[PDB]
Amino acid sequence: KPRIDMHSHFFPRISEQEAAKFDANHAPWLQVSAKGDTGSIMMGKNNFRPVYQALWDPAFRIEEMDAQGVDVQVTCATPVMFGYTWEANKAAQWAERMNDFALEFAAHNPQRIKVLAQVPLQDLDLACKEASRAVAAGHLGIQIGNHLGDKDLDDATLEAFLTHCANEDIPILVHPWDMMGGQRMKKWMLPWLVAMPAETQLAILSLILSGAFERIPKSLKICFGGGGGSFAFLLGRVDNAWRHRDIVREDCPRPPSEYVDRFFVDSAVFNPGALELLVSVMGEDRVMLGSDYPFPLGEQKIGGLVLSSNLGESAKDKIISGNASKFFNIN
Amino acid sequence: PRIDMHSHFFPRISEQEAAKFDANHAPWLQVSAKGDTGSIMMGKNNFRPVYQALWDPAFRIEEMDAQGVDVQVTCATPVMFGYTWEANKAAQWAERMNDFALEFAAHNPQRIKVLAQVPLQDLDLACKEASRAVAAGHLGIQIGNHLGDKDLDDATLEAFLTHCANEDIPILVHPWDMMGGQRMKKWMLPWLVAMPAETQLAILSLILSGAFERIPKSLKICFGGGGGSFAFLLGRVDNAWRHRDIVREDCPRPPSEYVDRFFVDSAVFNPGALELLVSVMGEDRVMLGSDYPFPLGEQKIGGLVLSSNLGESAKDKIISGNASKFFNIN
Ligand SMILES: [Mg+2]
Ligand SMILES: [Zn+2]
Ligand SMILES: [Zn+2]
């Protein structure tokens, strides 16, 4: 009965040169200090965002997985690696290259470290190919971004991808990215605080209200990050709209709240009360422990929030261990 | 007693009276022969179908009797903001609407009270208009968090709040639609996603910019629709403030400390969500709002509060207490 944290990130050892072979303006790459303790994700010549050793160093990662008490970690690509705006073939190469890095990262000790794969989601055919290929090679599932430009999960291209995954029994983690807002949310990390949970909610409602869950096989294992954003809280607002407006009701047959039996969320909500509403809405079976390691905005003491909760001992075990062992079939 | 502090009206404006300001941007009210329906018209195009309750105080009174609702605070439909029009035309528009709300109210000023609207695109015009209208009998103001082309929180908006803080003008802040552009086209998603989020953004903008430090605690200000997702996501904000010096930069106390500087209405449509809202705002800072008459307003006004596991003093505060002191209503 170990701790399994199923939402962490990594960034591969890519040089400006190798990145430039893909796109000297848009391919992210990794610059490490000469010491080797600090580092920066770089976009072309520009500095994207400063980072640290646990993101790229698998040996170093463990030592922190030890002091935190985490026994198995699922990790996946930092969202800046997605490449959804690039040209299909170039992106398909990129995903493959990235997914091999993830295996090299993982293979250092593939018992405590599982990976998820990225896919050229702008191109359905290549995206399925990469998903299958990658899982067959070791990955325990896929992580995708919650939208693709003006396409939300209700889009047929994205509904088809989910359907491929269900049929192939490949678990998906859905991550918000490329946040809405435009020029309204520069300061104070507002995009992490306002737009990310809104993106996630939108993803979730898009599946539910479009009807998608009626068409997508119940075998689909799908998980949303950040506790489903602000979903659980505004659900009542949503049922109410379904109950009193035909246009909200058109493509959605059952009341939206019944659909929480079709997906999973992570536990990253940062507040005991918020976590108790979340479990209430989702059930102890559908909530998995996620940290967002090693980003500053993640919980510094992984598992801490759940562990301190006024929750059943069985509930805690599930969220901390049980649910992801099933979901990702880690054993 | 029982107060509804969140609701709307629209005026009996003809196409021609509208035409004066604009015959294609100023909205007007079309009414059927069997005056039970009709709709808000923009130019000559149907803008939105509208039930008789949205005008006619008489009819509303009778619905206010069915619904056990003793007093109602009602303000403009966001359509008639016009925070995009030229500063002066919008001040003249603002002027008229605020009179319309006064004739609407002069049909039962015990049971019907109104807030005014401002030409927020111009600080002075908006300031003056505000002072005038409360003096005219409006119990306060409703503003959006937007202008249509605004960025939601700058030193300008802060200045306005300060004016109202000083002249004791109470404020209801009401959310905008457009955040997600060419997305959210179906299922009323702007109402379900964009609006909650806008409202959380308005709140967090006051808190993280440090505005509450520079604003007189006499500021009386309420956020619509439960504060959007604010209460549920507050944990996330505190965590950021604690681990990112940039979040902390202009915010000297943890953001959750500032909940004593503002109010929220209770429309969260769910008992579990209402308990959490209360746990965060405290029973003293949540008021009963229905968003009547709109289809997405609560249908049985008060029902979620009345039917809850809150205390009994708690319920009297939400139903009655808070709104009495907030607006000054006895
Ligand atoms: Mg589309
Ligand atoms: Zn993440
Ligand atoms: Zn409203």
# chains A, B, ... in the order shown; residues from 1 in each chain; ligands from 1
>>> select_by_dssp(residues="range 47-100 of chain A", states="helix (DSSP H, G or I)", output="VMD selection string")
chain A and resid 53 to 55 58 to 67 79 to 81 88 to 100
>>> write_last_selection(atoms="N, CA, C and O atoms", output="compact mmCIF listing (two decimals), in the first residue's frame")
# COMPACT_ATOMS: atom_id res chain seq x y z
N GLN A 53 16.82 20.58 -11.43
CA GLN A 53 17.40 19.30 -11.81
C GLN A 53 16.47 18.09 -11.79
O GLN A 53 16.64 17.17 -12.59
N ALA A 54 15.50 18.10 -10.88
CA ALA A 54 14.58 16.97 -10.76
C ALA A 54 13.69 16.75 -11.99
O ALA A 54 13.18 15.66 -12.22
N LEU A 55 13.50 17.81 -12.77
CA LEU A 55 12.73 17.77 -14.00
C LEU A 55 13.40 16.93 -15.09
O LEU A 55 12.72 16.26 -15.87
N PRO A 58 16.68 11.82 -13.64
CA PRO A 58 15.98 10.65 -13.08
C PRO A 58 16.63 10.09 -11.82
O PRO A 58 15.94 9.67 -10.90
N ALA A 59 17.96 10.08 -11.80
CA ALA A 59 18.69 9.73 -10.59
C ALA A 59 18.31 10.70 -9.48
O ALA A 59 17.91 10.28 -8.38
N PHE A 60 18.41 11.99 -9.76
CA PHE A 60 18.12 13.02 -8.76
C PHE A 60 16.65 12.98 -8.32
O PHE A 60 16.34 13.31 -7.18
N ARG A 61 15.76 12.58 -9.23
CA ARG A 61 14.32 12.59 -8.93
C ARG A 61 13.97 11.70 -7.76
O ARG A 61 13.30 12.14 -6.81
N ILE A 62 14.39 10.44 -7.85
CA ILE A 62 14.31 9.47 -6.76
C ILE A 62 14.54 10.05 -5.36
O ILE A 62 13.67 9.94 -4.48
N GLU A 63 15.69 10.67 -5.16
CA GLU A 63 16.04 11.19 -3.84
C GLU A 63 14.97 12.09 -3.26
O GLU A 63 14.78 12.15 -2.04
N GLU A 64 14.26 12.79 -4.14
CA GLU A 64 13.13 13.60 -3.71
C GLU A 64 11.88 12.73 -3.59
O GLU A 64 11.01 13.00 -2.76
N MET A 65 11.80 11.67 -4.38
CA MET A 65 10.67 10.76 -4.25
C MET A 65 10.77 10.00 -2.94
O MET A 65 9.81 9.38 -2.49
N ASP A 66 11.95 10.05 -2.33
CA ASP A 66 12.17 9.33 -1.09
C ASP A 66 11.78 10.16 0.12
O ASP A 66 11.04 9.70 0.98
N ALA A 67 12.26 11.40 0.16
CA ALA A 67 11.94 12.32 1.25
C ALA A 67 10.46 12.69 1.29
O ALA A 67 9.95 13.17 2.31
N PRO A 79 3.95 20.63 -20.85
CA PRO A 79 3.02 21.02 -21.93
C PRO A 79 3.63 21.89 -23.03
O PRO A 79 3.08 21.93 -24.14
N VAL A 80 4.74 22.56 -22.76
CA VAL A 80 5.37 23.36 -23.79
C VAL A 80 5.98 22.44 -24.87
O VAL A 80 6.39 22.90 -25.94
N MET A 81 6.02 21.15 -24.60
CA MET A 81 6.58 20.21 -25.56
C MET A 81 5.57 19.70 -26.56
O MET A 81 5.92 18.91 -27.43
N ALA A 88 2.03 18.70 -39.01
CA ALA A 88 1.83 17.30 -38.64
C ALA A 88 3.09 16.41 -38.58
O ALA A 88 3.42 15.90 -37.50
N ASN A 89 3.78 16.23 -39.71
CA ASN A 89 4.90 15.27 -39.79
C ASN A 89 6.03 15.63 -38.89
O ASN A 89 6.68 14.79 -38.29
N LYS A 90 6.28 16.93 -38.83
CA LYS A 90 7.32 17.44 -37.97
C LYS A 90 6.92 17.14 -36.52
O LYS A 90 7.73 16.65 -35.73
N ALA A 91 5.65 17.37 -36.18
CA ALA A 91 5.18 17.09 -34.84
C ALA A 91 5.24 15.59 -34.55
O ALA A 91 5.64 15.18 -33.46
N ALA A 92 4.87 14.78 -35.54
CA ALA A 92 4.89 13.34 -35.33
C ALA A 92 6.29 12.84 -35.01
O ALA A 92 6.45 11.95 -34.17
N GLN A 93 7.30 13.41 -35.68
CA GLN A 93 8.71 13.12 -35.37
C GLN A 93 9.06 13.52 -33.94
O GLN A 93 9.71 12.77 -33.20
N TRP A 94 8.63 14.73 -33.59
CA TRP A 94 8.84 15.31 -32.28
C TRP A 94 8.27 14.43 -31.16
O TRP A 94 8.97 14.09 -30.22
N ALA A 95 7.00 14.05 -31.28
CA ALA A 95 6.38 13.19 -30.28
C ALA A 95 7.16 11.90 -30.11
O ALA A 95 7.40 11.46 -28.99
N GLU A 96 7.58 11.30 -31.22
CA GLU A 96 8.32 10.05 -31.18
C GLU A 96 9.65 10.27 -30.46
O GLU A 96 10.04 9.49 -29.58
N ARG A 97 10.33 11.36 -30.82
CA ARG A 97 11.61 11.67 -30.21
C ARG A 97 11.45 11.91 -28.71
O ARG A 97 12.20 11.37 -27.90
N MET A 98 10.47 12.74 -28.36
CA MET A 98 10.16 13.00 -26.96
C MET A 98 9.80 11.72 -26.21
O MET A 98 10.24 11.52 -25.09
N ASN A 99 8.99 10.86 -26.82
CA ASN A 99 8.53 9.68 -26.11
C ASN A 99 9.64 8.67 -25.86
O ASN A 99 9.54 7.82 -24.98
N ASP A 100 10.70 8.77 -26.64
CA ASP A 100 11.84 7.90 -26.44
C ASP A 100 12.69 8.45 -25.31
O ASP A 100 13.18 7.69 -24.48
>>> residues_around(residues="range 269-275 of chain B", least_positions_apart="6", cutoff="8 Å", atoms="only C-alpha atoms", output="PyMOL selection string")
(chain A and resi 233-234+236-237+240+277) or (chain B and resi 298+304-305+308+310)
>>> closest_residue(among="A:70, A:196, A:207, A:30", to="ligand 2", atoms="only C-alpha atoms and all ligand atoms")
A:196
>>> atom_distance(atom1="CA of residue 254 in chain A", atom2="CA of residue 169 in chain A")
25.2 Å
>>> residues_around(residues="residue 215 in chain B", least_positions_apart="2", cutoff="12 Å", atoms="only C-alpha atoms", output="number ranges by chain")
B: 155, 157-166, 206-207, 209-213, 217-221, 258, 261-262
>>> interface_residues(of="chain A", to="chain B", cutoff="6 Å", atoms="only C-alpha atoms", output="ChimeraX atom specification")
/A:150,180-181,184,188,233,236-237,241,247-248,270-271,274,297
>>> select_by_dssp(residues="range 85-302 of chain B", states="strand (DSSP E)", output="ChimeraX atom specification")
/B:112-116,140-144,171-174,221-223,263-265,286-287
>>> residues_near_ligand(ligand="ligand 2", cutoff="8 Å", atoms="only C-alpha atoms and all ligand atoms", output="ChimeraX atom specification")
/A:7-9,78-79,175,225-226,292-293,295
>>> residues_near_ligand(ligand="ligand 3", cutoff="8 Å", atoms="only C-alpha atoms and all ligand atoms", output="PDB file with N, CA, C and O atoms, in the first residue's frame")
ATOM      1  N   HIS B   6     -30.522  40.375  -5.991  1.00  0.00           N
ATOM      2  CA  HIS B   6     -30.045  40.180  -7.356  1.00  0.00           C
ATOM      3  C   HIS B   6     -31.153  39.869  -8.362  1.00  0.00           C
ATOM      4  O   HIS B   6     -31.619  38.725  -8.457  1.00  0.00           O
ATOM      5  N   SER B   7     -31.546  40.877  -9.135  1.00  0.00           N
ATOM      6  CA  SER B   7     -32.544  40.670 -10.170  1.00  0.00           C
ATOM      7  C   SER B   7     -32.482  41.791 -11.193  1.00  0.00           C
ATOM      8  O   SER B   7     -31.730  42.740 -11.027  1.00  0.00           O
ATOM      9  N   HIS B   8     -33.283  41.678 -12.247  1.00  0.00           N
ATOM     10  CA  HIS B   8     -33.159  42.568 -13.397  1.00  0.00           C
ATOM     11  C   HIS B   8     -34.480  43.089 -13.931  1.00  0.00           C
ATOM     12  O   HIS B   8     -35.537  42.504 -13.718  1.00  0.00           O
ATOM     13  N   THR B  77     -30.347  45.124 -17.228  1.00  0.00           N
ATOM     14  CA  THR B  77     -29.902  43.970 -17.991  1.00  0.00           C
ATOM     15  C   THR B  77     -28.625  44.393 -18.706  1.00  0.00           C
ATOM     16  O   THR B  77     -28.596  45.446 -19.333  1.00  0.00           O
ATOM     17  N   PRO B  78     -27.559  43.581 -18.600  1.00  0.00           N
ATOM     18  CA  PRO B  78     -26.214  43.887 -19.114  1.00  0.00           C
ATOM     19  C   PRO B  78     -26.189  44.379 -20.567  1.00  0.00           C
ATOM     20  O   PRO B  78     -25.262  45.084 -20.981  1.00  0.00           O
ATOM     21  N   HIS B 174     -21.228  42.685 -11.776  1.00  0.00           N
ATOM     22  CA  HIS B 174     -21.896  41.682 -12.585  1.00  0.00           C
ATOM     23  C   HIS B 174     -21.082  41.200 -13.787  1.00  0.00           C
ATOM     24  O   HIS B 174     -20.536  41.997 -14.538  1.00  0.00           O
ATOM     25  N   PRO B 175     -21.036  39.881 -14.005  1.00  0.00           N
ATOM     26  CA  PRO B 175     -20.043  39.435 -14.974  1.00  0.00           C
ATOM     27  C   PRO B 175     -20.448  39.601 -16.432  1.00  0.00           C
ATOM     28  O   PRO B 175     -21.614  39.770 -16.810  1.00  0.00           O
ATOM     29  N   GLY B 224     -21.611  38.928  -7.970  1.00  0.00           N
ATOM     30  CA  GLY B 224     -22.694  38.064  -8.417  1.00  0.00           C
ATOM     31  C   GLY B 224     -22.354  36.585  -8.534  1.00  0.00           C
ATOM     32  O   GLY B 224     -21.181  36.194  -8.546  1.00  0.00           O
ATOM     33  N   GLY B 225     -23.392  35.755  -8.598  1.00  0.00           N
ATOM     34  CA  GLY B 225     -23.233  34.330  -8.822  1.00  0.00           C
ATOM     35  C   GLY B 225     -22.256  33.607  -7.919  1.00  0.00           C
ATOM     36  O   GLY B 225     -21.468  32.788  -8.386  1.00  0.00           O
ATOM     37  N   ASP B 291     -31.406  36.081  -9.482  1.00  0.00           N
ATOM     38  CA  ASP B 291     -31.190  36.372 -10.897  1.00  0.00           C
ATOM     39  C   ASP B 291     -32.499  36.312 -11.694  1.00  0.00           C
ATOM     40  O   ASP B 291     -32.508  36.168 -12.913  1.00  0.00           O
ATOM     41  N   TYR B 292     -33.597  36.447 -10.964  1.00  0.00           N
ATOM     42  CA  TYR B 292     -34.924  36.649 -11.526  1.00  0.00           C
ATOM     43  C   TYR B 292     -34.928  37.846 -12.484  1.00  0.00           C
ATOM     44  O   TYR B 292     -34.340  38.876 -12.186  1.00  0.00           O
TER      45      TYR B 292
END
>>> residues_near_ligand(ligand="ligand 1", cutoff="10 Å", atoms="only C-alpha atoms and all ligand atoms", output="list in words")
residues 148, 149, 150, 151, 152, 153, 154, 155, 156 and 157 of chain A; 182, 183, 184 and 185 of chain B
>>> write_last_selection(atoms="N, CA, C and O atoms", output="mmCIF file, in the first residue's frame")
data_model
loop_
_atom_site.group_PDB
_atom_site.id
_atom_site.type_symbol
_atom_site.label_atom_id
_atom_site.label_comp_id
_atom_site.auth_asym_id
_atom_site.auth_seq_id
_atom_site.Cartn_x
_atom_site.Cartn_y
_atom_site.Cartn_z
ATOM 1 N N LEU A 148 -7.438 22.290 -28.688
ATOM 2 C CA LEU A 148 -6.532 22.480 -29.801
ATOM 3 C C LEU A 148 -7.031 23.672 -30.584
ATOM 4 O O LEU A 148 -7.944 23.538 -31.390
ATOM 5 N N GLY A 149 -6.459 24.843 -30.318
ATOM 6 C CA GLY A 149 -7.030 26.079 -30.817
ATOM 7 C C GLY A 149 -8.499 26.173 -30.421
ATOM 8 O O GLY A 149 -8.864 25.979 -29.250
ATOM 9 N N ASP A 150 -9.355 26.460 -31.389
ATOM 10 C CA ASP A 150 -10.769 26.627 -31.092
ATOM 11 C C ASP A 150 -11.524 25.290 -31.033
ATOM 12 O O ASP A 150 -12.750 25.283 -30.925
ATOM 13 N N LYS A 151 -10.803 24.166 -31.103
ATOM 14 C CA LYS A 151 -11.445 22.868 -30.897
ATOM 15 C C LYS A 151 -11.370 22.412 -29.441
ATOM 16 O O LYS A 151 -10.281 22.271 -28.863
ATOM 17 N N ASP A 152 -12.534 22.167 -28.855
ATOM 18 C CA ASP A 152 -12.602 21.589 -27.518
ATOM 19 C C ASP A 152 -12.871 20.110 -27.668
ATOM 20 O O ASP A 152 -13.203 19.657 -28.760
ATOM 21 N N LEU A 153 -12.727 19.356 -26.589
ATOM 22 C CA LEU A 153 -12.951 17.910 -26.609
ATOM 23 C C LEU A 153 -14.215 17.431 -27.347
ATOM 24 O O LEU A 153 -14.233 16.331 -27.878
ATOM 25 N N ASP A 154 -15.257 18.250 -27.407
ATOM 26 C CA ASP A 154 -16.451 17.852 -28.152
ATOM 27 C C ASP A 154 -16.213 17.728 -29.661
ATOM 28 O O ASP A 154 -17.047 17.178 -30.362
ATOM 29 N N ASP A 155 -15.109 18.285 -30.160
ATOM 30 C CA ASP A 155 -14.744 18.179 -31.571
ATOM 31 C C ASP A 155 -14.570 16.725 -32.009
ATOM 32 O O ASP A 155 -13.925 15.915 -31.312
ATOM 33 N N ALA A 156 -15.127 16.410 -33.175
ATOM 34 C CA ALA A 156 -15.088 15.057 -33.723
ATOM 35 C C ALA A 156 -13.683 14.456 -33.813
ATOM 36 O O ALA A 156 -13.495 13.266 -33.522
ATOM 37 N N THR A 157 -12.699 15.268 -34.196
ATOM 38 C CA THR A 157 -11.323 14.786 -34.232
ATOM 39 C C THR A 157 -10.902 14.284 -32.843
ATOM 40 O O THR A 157 -10.292 13.221 -32.710
ATOM 41 N N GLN B 182 -13.918 32.628 -29.938
ATOM 42 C CA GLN B 182 -14.603 31.739 -30.873
ATOM 43 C C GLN B 182 -14.855 30.335 -30.313
ATOM 44 O O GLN B 182 -15.172 29.407 -31.065
ATOM 45 N N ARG B 183 -14.714 30.186 -28.997
ATOM 46 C CA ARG B 183 -15.105 28.944 -28.325
ATOM 47 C C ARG B 183 -16.377 29.177 -27.523
ATOM 48 O O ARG B 183 -16.902 30.301 -27.488
ATOM 49 N N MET B 184 -16.868 28.115 -26.891
ATOM 50 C CA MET B 184 -18.090 28.179 -26.085
ATOM 51 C C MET B 184 -19.306 28.657 -26.885
ATOM 52 O O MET B 184 -19.993 29.590 -26.487
ATOM 53 N N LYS B 185 -19.570 28.009 -28.011
ATOM 54 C CA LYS B 185 -20.660 28.419 -28.885
ATOM 55 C C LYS B 185 -21.979 27.692 -28.593
ATOM 56 O O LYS B 185 -23.033 28.090 -29.067
#
>>> closest_residue(among="A:186, A:13, A:18, A:140", to="residue 31 in chain A", atoms="only C-alpha atoms")
A:13
>>> residues_around(residues="residue 40 in chain A", least_positions_apart="6", cutoff="8 Å", atoms="only C-alpha atoms", output="PDB file with N, CA, C and O atoms, in the first residue's frame")
ATOM      1  N   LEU A  30      16.597  22.394 -23.618  1.00  0.00           N
ATOM      2  CA  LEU A  30      17.039  22.482 -22.237  1.00  0.00           C
ATOM      3  C   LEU A  30      18.460  22.991 -22.114  1.00  0.00           C
ATOM      4  O   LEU A  30      19.390  22.423 -22.679  1.00  0.00           O
ATOM      5  N   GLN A  31      18.614  24.073 -21.369  1.00  0.00           N
ATOM      6  CA  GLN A  31      19.919  24.604 -21.053  1.00  0.00           C
ATOM      7  C   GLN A  31      20.190  24.364 -19.579  1.00  0.00           C
ATOM      8  O   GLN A  31      19.402  24.763 -18.728  1.00  0.00           O
ATOM      9  N   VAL A  32      21.304  23.706 -19.285  1.00  0.00           N
ATOM     10  CA  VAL A  32      21.695  23.417 -17.910  1.00  0.00           C
ATOM     11  C   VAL A  32      22.914  24.244 -17.525  1.00  0.00           C
ATOM     12  O   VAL A  32      23.846  24.373 -18.312  1.00  0.00           O
ATOM     13  N   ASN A  47      14.442  32.806 -23.432  1.00  0.00           N
ATOM     14  CA  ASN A  47      14.309  32.050 -22.198  1.00  0.00           C
ATOM     15  C   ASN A  47      12.843  31.908 -21.861  1.00  0.00           C
ATOM     16  O   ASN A  47      12.174  32.894 -21.552  1.00  0.00           O
ATOM     17  N   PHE A  48      12.346  30.677 -21.917  1.00  0.00           N
ATOM     18  CA  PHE A  48      10.948  30.399 -21.600  1.00  0.00           C
ATOM     19  C   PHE A  48      10.726  30.481 -20.102  1.00  0.00           C
ATOM     20  O   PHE A  48      10.134  31.430 -19.615  1.00  0.00           O
ATOM     21  N   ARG A  49      11.224  29.497 -19.373  1.00  0.00           N
ATOM     22  CA  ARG A  49      11.008  29.467 -17.938  1.00  0.00           C
ATOM     23  C   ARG A  49      12.072  28.634 -17.205  1.00  0.00           C
ATOM     24  O   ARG A  49      12.375  27.513 -17.611  1.00  0.00           O
ATOM     25  N   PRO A  50      12.661  29.202 -16.138  1.00  0.00           N
ATOM     26  CA  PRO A  50      13.732  28.579 -15.352  1.00  0.00           C
ATOM     27  C   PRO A  50      13.217  27.394 -14.579  1.00  0.00           C
ATOM     28  O   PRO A  50      12.090  27.447 -14.119  1.00  0.00           O
ATOM     29  N   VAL A  51      14.032  26.352 -14.439  1.00  0.00           N
ATOM     30  CA  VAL A  51      13.595  25.077 -13.871  1.00  0.00           C
ATOM     31  C   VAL A  51      14.741  24.470 -13.089  1.00  0.00           C
ATOM     32  O   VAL A  51      15.807  25.077 -12.989  1.00  0.00           O
ATOM     33  N   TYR A  52      14.540  23.264 -12.556  1.00  0.00           N
ATOM     34  CA  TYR A  52      15.608  22.604 -11.802  1.00  0.00           C
ATOM     35  C   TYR A  52      15.737  21.097 -11.985  1.00  0.00           C
ATOM     36  O   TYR A  52      14.883  20.437 -12.564  1.00  0.00           O
TER      37      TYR A  52
END
>>> residues_around(residues="residue 49 in chain B", least_positions_apart="3", cutoff="12 Å", atoms="only C-alpha atoms", output="MDAnalysis selection string")
chainID B and resid 28:32 36:42 45:46 52:54 294:295
>>> residues_around(residues="residue 263 in chain B", least_positions_apart="4", cutoff="7 Å", atoms="only C-alpha atoms", output="MDAnalysis selection string")
chainID B and resid 221:223 285:286
>>> write_last_selection(atoms="C-alpha atoms", output="PDB file, in the first residue's frame")
ATOM      1  CA  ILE B 221     -19.198  45.594  -2.668  1.00  0.00           C
ATOM      2  CA  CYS B 222     -20.936  42.427  -3.777  1.00  0.00           C
ATOM      3  CA  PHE B 223     -19.976  39.870  -6.429  1.00  0.00           C
ATOM      4  CA  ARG B 285     -21.175  38.116   3.920  1.00  0.00           C
ATOM      5  CA  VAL B 286     -23.494  35.997   1.751  1.00  0.00           C
TER       6      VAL B 286
END
>>> closest_residue(among="A:227, A:298, A:120, A:110", to="residue 275 in chain A", atoms="only C-alpha atoms")
A:227
>>> atom_distance(atom1="CA of residue 77 in chain A", atom2="CA of residue 231 in chain A")
24.1 Å
>>> residues_around(residues="residue 61 in chain B", least_positions_apart="6", cutoff="12 Å", atoms="only C-alpha atoms", output="MDAnalysis selection string")
chainID B and resid 53:55 67:72 104:105 107:112
